[PDB]
């Protein structure tokens, strides 16, 4: 009773309904928990979102960080399946020795939502819960479709800006934030041409000069800094105020967990939808 799952790091074959699942990555944990599966070990991250709070405790042994698996502990846990997010993917070859391993991740080229659907469908196949997955997909798909229509019918541009340690970077349609353009129906204020993993460095002068109609802001420090203060107070300086986005009240502060950390999560994707509705 095996299934063969195709994912970013190739093909993995395993018996359906693995009993002992180890999960690395918040997005993988989000979708897995959301569909009613309880893992035996999980990565630990200081920024784990409230909706996954139970996994922060020692009830669940640490499988490592978001980036670096604890191979020794994972082996000790005797997993039937290891599910990892893209952050840990350099360790896939090593994890694949221990047990069938699947990568759970979005793809910029095919687009966030099309690829995320497949990730949930992959879970559906592994755990024989296809109907529940399809019900969820139908629900969320309608939300994507409605938002996209809106933005095409009021065809307008958006600039996606991330702020981290004082660095402002921008990302376009062929980036980890492909959802904004390919799924939610915005056009790029400025075509960021061929992209790169970590975005392109910009400045407040760039934001003001290019004058986006909609400005979507990701405060990376929210989930990385020990503090949780509001970037808005500082982000909205004179240069940003002079922007159309500010005036039209279309600066949106995206949920950092949902958009940046918990990639392809169920709750994460629902939050992305909520954020887009709001803006």
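Positions refer to the first chain, counted from 1.
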### Mean temperature factor over C-alpha atoms, higher-scoring stretch between 197-205 and 150-158
150-158
### Query
Which has higher Cα B-factors on average according to the PDB entry: 59-67 or 243-251?
243-251
### Message
Take the CA temperature factors straight from the PDB entry and tell me which of 110, 91, 122, 179 peaks.
### Response
110
### Query
Going by the entry, which of 86, 185, 79, 166 has the most elevated CA B factor?
185
### Task
Could you say whether, by C-alpha temperature factor, residue 139 belongs to the lowest, middle or highest third of its chain?
middle
### Summary
Sorting the chain's modelled residues by C-alpha B-factor and splitting them into thirds places residue 47 in the middle
### Ranked C-alpha temperature factor of residue 17 among modelled chain residues, by third
highest
## Note on the structure
For residue 216, the third of its chain by CA B-factor is the middle
### B-factor third for the C-alpha atom of residue 30 within its chain
lowest
